[PDB]
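Participant: this one's a deposited entry, sequence included:
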Amino acid sequence: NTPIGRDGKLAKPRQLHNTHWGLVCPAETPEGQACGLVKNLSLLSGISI
Amino acid sequence: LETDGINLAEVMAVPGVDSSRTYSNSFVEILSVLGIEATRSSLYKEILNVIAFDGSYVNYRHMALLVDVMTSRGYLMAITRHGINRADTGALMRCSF
Amino acid sequence: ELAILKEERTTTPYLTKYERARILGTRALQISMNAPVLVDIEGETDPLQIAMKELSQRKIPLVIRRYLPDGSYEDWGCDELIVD
Amino acid sequence: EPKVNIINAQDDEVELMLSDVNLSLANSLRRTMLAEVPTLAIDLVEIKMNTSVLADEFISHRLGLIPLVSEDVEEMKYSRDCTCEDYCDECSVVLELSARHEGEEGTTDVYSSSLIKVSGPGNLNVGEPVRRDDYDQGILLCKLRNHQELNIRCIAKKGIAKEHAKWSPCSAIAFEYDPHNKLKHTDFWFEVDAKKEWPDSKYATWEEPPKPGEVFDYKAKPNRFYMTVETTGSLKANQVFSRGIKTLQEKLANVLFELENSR
Amino acid sequence: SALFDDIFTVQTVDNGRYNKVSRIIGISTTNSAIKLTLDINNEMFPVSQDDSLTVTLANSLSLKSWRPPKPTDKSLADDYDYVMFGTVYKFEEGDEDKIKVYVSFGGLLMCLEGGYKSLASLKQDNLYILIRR
Amino acid sequence: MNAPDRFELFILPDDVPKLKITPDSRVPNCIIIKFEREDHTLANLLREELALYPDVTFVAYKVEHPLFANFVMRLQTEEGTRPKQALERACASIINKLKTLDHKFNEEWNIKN
Amino acid sequence: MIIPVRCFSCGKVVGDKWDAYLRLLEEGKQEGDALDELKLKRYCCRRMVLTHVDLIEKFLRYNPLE
Amino acid sequence: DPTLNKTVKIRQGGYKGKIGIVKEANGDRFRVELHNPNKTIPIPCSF
Amino acid sequence: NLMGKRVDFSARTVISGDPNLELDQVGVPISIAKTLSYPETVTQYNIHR
Amino acid sequence: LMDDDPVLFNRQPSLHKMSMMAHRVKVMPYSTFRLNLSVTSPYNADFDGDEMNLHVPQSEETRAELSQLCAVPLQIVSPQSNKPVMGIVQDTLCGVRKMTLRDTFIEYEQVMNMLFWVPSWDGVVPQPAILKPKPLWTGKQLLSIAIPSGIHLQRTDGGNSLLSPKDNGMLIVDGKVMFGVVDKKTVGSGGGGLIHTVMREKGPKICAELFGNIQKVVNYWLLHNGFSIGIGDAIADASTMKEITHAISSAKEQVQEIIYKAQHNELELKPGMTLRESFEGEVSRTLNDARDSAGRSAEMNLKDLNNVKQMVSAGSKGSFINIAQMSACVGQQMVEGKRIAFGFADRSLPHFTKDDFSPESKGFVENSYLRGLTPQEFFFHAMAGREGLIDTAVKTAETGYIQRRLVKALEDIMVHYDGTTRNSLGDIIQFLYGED
Amino acid sequence: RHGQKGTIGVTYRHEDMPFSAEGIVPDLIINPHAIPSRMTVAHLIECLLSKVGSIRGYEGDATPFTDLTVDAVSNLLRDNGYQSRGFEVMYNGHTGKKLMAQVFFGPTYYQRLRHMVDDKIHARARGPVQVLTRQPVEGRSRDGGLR
Amino acid sequence: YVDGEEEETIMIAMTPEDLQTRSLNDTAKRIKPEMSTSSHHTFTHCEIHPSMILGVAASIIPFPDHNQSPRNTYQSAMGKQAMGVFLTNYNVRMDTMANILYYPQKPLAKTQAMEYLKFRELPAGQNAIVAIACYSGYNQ
RNA sequence: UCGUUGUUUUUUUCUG
Ligand SMILES: [Mg+2]
Ligand SMILES: [Zn+2]
Ligand SMILES: [Zn+2]
């Protein structure tokens, strides 16, 4: 998730970015106002502790 | 010649340029320079250009009614809270908006 | 004062759709709640069908009062309005 | 005029040739067989006690679908119109099942065989669940573990597949004619040619191929149908054939009676 | 009752995109300058190039709803291999000698060219067309 | 919730006749038959037969709406015969055909087994 | 969850054939062969024996309430 | 009618031999819900 | 609650195509028909009905 | 709520006055509202789970207004663009297009049935197109049965002659089809179509009956003819892929030359556009042109019986670009109107090398869908689709706001009896509505 | 599995469902119109591969970015004795007649969705009203009123 | 492991075959990018498998590379509502809302990814026989 | 013995 709020639409945060290659799913995302701001880890994702 | 930026009164006066057909895409300039009716026609032209661009088509009377409402009171009455509520309609009508 | 004399009535003589609907509704309501029927009926039970049948014959006792923008008004009898 | 030529026969199925009849006739026969051939199947399940891991409705549904030997069902009256208050033994058959697993281990497998006729308008040969063979346990109804018990008291009735698919005696009725498309009822989608892309029907041998120079015939009509029939085992294929024919005949008779009686 | 007749030589036959229908370019033999462009059903009545067709046009077949043809009754059609019922939708009274009659057979079209003398009687509403061979 | 019962498809209620006949005024010797609790299984069969007869001018039907199990059949024979007679003739002919087919199939099965 | 009774598509009984299908499987015969030997030709049926997931045995593994 | 809310069966009709419980008994026409499906049906007091 | 307001005598449900309906017709599920109601005045023309 | 009652019917959002009309009730079982497939168009509704509301009147006058002002037939022509709003859509359209093909014939019994399917049939079977050697009817006759009497229509397509060899153009005389394929351009909602004429001639009721008649007839015919699509419909012969591959390679090499010459500052500068911008515009033009060419070749390849070609030519669904993307090439990806940016350091994806500008290196999907996509191309397509979704999501709200502002601006203008146009105060806006 | 969502229009019975030559009546029929404008080719590819798998007796592999071309599937299917592109000669069930065109036909993985109709149907003739405003309450579960 | 930032400075071959230069001409398969702008290549890593860039839901789709992306997104957001066997022990639990499908069937056209998602052991749909054809205009 | 009433407030994930 991204807590960017929804006050002011903008587009940069929502659009898929090249760096997302293989870290977050490209196809999966909600619809509506949350479209893009909610992302799902790619199948081989791992988080540094 | 089609240009950028706006200075109507000056360019219209330049020698060798038809001063009767010069046109600008900023209708507030038209109101300032060419009176009110010129602004009305230019505004209609702008709306028509926007709508017809994709290929759609809207009967003329609708755009005519819209533009006439906008420039009924002799000055550009923008479509927002400011201009509309600044009208002299009933208090109830304007409060609802 | 507000009324306009019959000779100078200027509005369109035809019957606008809105007048049509209002007249039909009013007549049907009246008939459907024990009012006289000015025309014969053969087999039609619905009040609204009766209303259109009555209108088609020009037999409706209703006077439309048209308000001009100023406030003055003129009156037309339903018997004298050209219905399409 | 109508002719039949059975090709390959068997208890459950039939592969026959029927010719010299209106296509409408054969198709209506197929529909009537699939739809309006009354048989017997479960229609009320009372679970006196259950402890399985399966919802009661689940078991009721599974029971509803099990095929029953409905050979003489023709002779059973419709429970709807039977005069008896409640169900007599002549408008219904009662089957009962109660199997229980015991011992802390193992897993019992309640099979269709365990159903046991209790009553029924004897000695009519109806009600017994169908079995492939002598040893065939039959369908699998459920699995039970330790300390799990099941007690149901089913009921069966005579109904037509129209009401519910459980009364359908026919499984799948093949059907086809003019394997060479000589009537040209179809145009063959193709990328290169109609012949070298399209597999030929298994009856291609039974009819001569159209000659190359032959001209189209427009007065020709479909005349040979190659229809196969299969049954669940609840009725013999030949019995199904005769019964569908009888049902169609009596329905037409009813129509004729109504027509003449209108006056 | 035959309002017209002639014998035509099939100049060319075009299948086009269709399969059951082909368009035939026909010219008379008894009198030239008469060209017939007709739409025909290939399979129902195949034709080939440079064949001979006995074309005959009549406003009726006697000697309102349709009915299957009883074999008992007889009609003018009994002597032809291809019959079509048409409708006239344009009777072009063109230049001095170019008079074109346009007939649509419920989708199947036909254009007829030639001198006014032959075509003069065709100014009708519905035209049967009969073809021998 | 608003599902129709499955037993209503074929069990004709008493108040409505199985078959209802009406005349077609627009043309002579034409009637319209309103069937009940039936579908293509019977309508198509009857139509195919009736079309073959020579004295029948127009035979037609249509399943008005699949959610309602009934169909209407329009039939008009030439003046020679009243349509009802043609209808019953077709019924009898079909019954005879079916009986013949049953006999032949029984023979074939018997010799087969 | 448990093998179905009939093939939704056509209606041919298949439920009883599950045990035999498994048995044929244990002895190494490929699935196609097993389906053939059961006389399941119309794939409308084959899809079921081929693609049933058995879950009831998973449910049993829970100690029953009673 | 103090005879409400008691299980009742049906003897004649299309739902012959089905269990149920009275729900409304206004008069001459009992509306008894059917246990097998999720529906309610009316039926006169004689059946 | 002044311009817009929740009203009575309404219904909401799913839709479905049906080629066998005339252009101005509409299919109403029977339950809704039984639930919604339209007042009707009593007259000689309808008393029996 | 009994039969024939008039009941309002709405779909949210209700953009324009056609978004809610008054229908006639017909009680049916099951638990879904049902509509005639045609009337969806104004509702902009689809049966994929959409819901609509139903408001009942509660008086007798209200019933009068609903019946006389909001009845569906009276809304056939939209004042927005003075053109018909509803029309023949989907299966009925793609069915009528085939049914009126010159080479369709119907045996006697089938016709006998169809004429019975038309409720408004006069009861007089028309004479068959062919009387010998076998009675036959051409579908156009059946369609003409649906069209009422005394209707005149005609159209010219591509400078066609009056023999219409290609069967384009249209002509109807006294409600009978002389020639031409009936398709979108004739029965569709477009102005000057058959619906417009029938409406303006015979009135609303006859137009509604026409809609019903045509749907019934074409639906029956399609039912008894069958129609479907298959994977092969998206496949092309080998020579065609050879042509497409040659075109793609040529376009790529043209782009390569463009890059070489702009790198050497040998590429001209377009007015008002710098080196980078003009270069990008040139590349975009080249790639779009190449995709257009490949799609056009694939289009010529398809046979006239190809399902996709049928359903496009009829105009029921899809268009040329759909075919091009499906079969020939997906084409270049646009994001924010520009090729794929360099999210990474001077590159789009790590799998490429630094400082590359080749079409594949910036989002040129070469393979058509039928051939599948490589991972890079798949990801780029995903980027484009995500942007499109965001675009719709943002655009809807702003358009709704503009709609609200406009309506709350012009909600009191009313055409008075004098012919003037005045707002609430009586102030005059136009001395004659639309000056006519 | 390709976002071809849709509701059930109407349900036909076994007999009326059109039947192929072998008696396989389809479970479920969808409209061809949906395919091109959405270009969901994967739908058709999956149908073909599933038909192949059922006939040959095993599950197919649809891992993206692989070598499995459509042509290989067509070759396998034809070898097994079916039309190379999965078409079939299909008979109308109302009159047992053939259909002038063929029909794509095969198994496909379909999944039901939570939005059952009975969970959405709702009507209000009269009932509870908000205390504050004396207007109908909100919500289906409380006999709400349409706004 | 490589984080997002380190990806900036590496050359990743899509598949092992790319590590070896190749020399065909098929019309039913894909053609690689030309990749001729680098006469030589210095590959440092090779994608383990490209199909791993998809999320959980997206992995369910078959041939997800043959679809218009918005359809993939819709199916992704849709599969999270397909009824199925969510948990083996559904019987004991007491949840407010729980649905189960009588006869789940593992999809015929599997993907190599569902092995690890257990989908083939807890499927949520039935392989239905489907015919794509305008039958009676009721399915438009 | 007709009569007969059932919360707000936020937040959330969803549907078109
Ligand atoms: Mg929608
Ligand atoms: Zn009894
Ligand atoms: Zn099966």
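Facilitator: Nice, I can see it. Numbering: from 1, shown residues only, chains lettered A, B, ... in the order given. Ligands and ions are numbered 1, 2, ... in the order given.

Participant: residues touching residue 13, list them.
Facilitator: Because you didn't say which chain, this covers chain A. Contact analysis of residue A:13 by Cβ atoms under 8 Å, 6 or more residues apart in numbering or on different chains lists A:2, A:4, A:36-37. All C-beta spots, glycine's among them, are computed from the backbone N, C-alpha and C.

Participant: I was thinking of chain L, sorry if that wasn't clear
Facilitator: J:351, L:19, L:43, L:45-47.

Participant: for the closest residue to ligand 3 within chain E, give me its contacts.
Facilitator: Going by Cβ to the ion, ligand 3 is nearest to residue E:19 of chain E, at 37.6 Å. Applying Cβ under 8 Å, 6+ apart to residue E:19 gives the contacts E:42, J:103.

Participant: which residue does chain G have closest to ligand 1?
Facilitator: Proximity of chain G to ligand 1 (Cβ to the ion) peaks at residue G:8, 29.0 Å away.

Participant: do I have it right that that residue meets residue K:27?
Facilitator: Yes. Shown here, residue G:8 and residue K:27 form a contact pair, counting by Cβ atoms under 8 Å, at 6.4 Å.

Participant: between the two, which contacts overlap?
Facilitator: With Cβ under 8 Å, 6+ apart, residue G:8 and residue K:27 have common neighbours residue L:128.

Participant: SS state for the most centrally placed residue in chain L?
Facilitator: When Cα atoms, centre = their mean is applied to chain L, the residue found nearest the centroid is residue L:59 (3.1 Å). Of the three states, residue L:59 takes helix under DSSP: H, G, I helix; E, B strand; the rest coil.

Participant: isn't it right next to residue L:111, touching?
Facilitator: Yes. Look at residue L:59 against residue L:111 with Cβ under 8 Å: they come within range, at 6.3 Å.

Participant: shared neighbours of these two, which are they?
Facilitator: With Cβ under 8 Å, 6+ apart as the test, residue L:59 and residue L:111 both reach residue L:51.

Participant: got the contact list for residue J:237?
Facilitator: By Cβ under 8 Å, 6+ apart, residue J:237 lies in contact with D:191, J:301.

Participant: could you rerun that using 7 Å?
Facilitator: Neighbour list for residue J:237: residue J:301 [criterion: Cβ atoms under 7 Å, 6 or more residues apart in numbering or on different chains].

Participant: got it, and residue L:125?
Facilitator: Neighbouring residues of residue L:125 by Cβ under 7 Å, 6+ apart: K:109-111, L:82, L:107.

Participant: go through those and name the one nearest residue B:10.
Facilitator: residue L:82 (68.2 Å; Cβ to Cβ).

Participant: what bridges to that closest one?
Facilitator: Using DSSP bridges, the bridge partners assigned to residue L:82 are residue K:113.

Participant: mind telling me what element residue 22 is part of?
Facilitator: Going with chain A. For residue A:22, there is no helix or strand it lies in under DSSP states H and E.

Participant: not quite, go with chain E.
Facilitator: Residue E:22 belongs to strand E:21-28, assigned by DSSP H and E.

Participant: near chain D at all, the very next helix or strand once past that strand?
Facilitator: Note on strand E:21-28: by DSSP H and E, the next helix or strand toward the C-terminus is strand E:35-41. No. Residues of strand E:35-41 contacting chain D under Cβ under 7 Å from any Cβ of the partner chain: none, with a closest distance of 9.7 Å.

Participant: adjacent strands (with direction) for strand E:35-41?
Facilitator: Assessed with DSSP bridges, strand E:35-41 is paired to strand E:21-28 (antiparallel), strand E:108-112 (antiparallel).

Participant: residue K:139 - how many residues pack around it?
Facilitator: By the criterion of other Cβ atoms under 10 Å in any protein chain shown, residue K:139 has 10 neighbours.

Participant: cool, and the one 4 residues further on?
Facilitator: Taking other Cβ under 10 Å as the neighbour definition, residue K:143 ends up with a count of 16.

Participant: now residue L:48
Facilitator: Neighbour tally, residue L:48, other Cβ under 10 Å: 11.

Participant: how much space between the closest residue to it other than its chain neighbours and residue L:49?
Facilitator: Spatially, and ignoring its direct neighbours in sequence, residue L:48 is nearest to residue A:44 (7.3 Å; Cβ to Cβ, 6 or more residues apart in numbering or on different chains). In this view, residue A:44 and residue L:49 are 9 Å apart by Cβ to Cβ, to the nearest Å.
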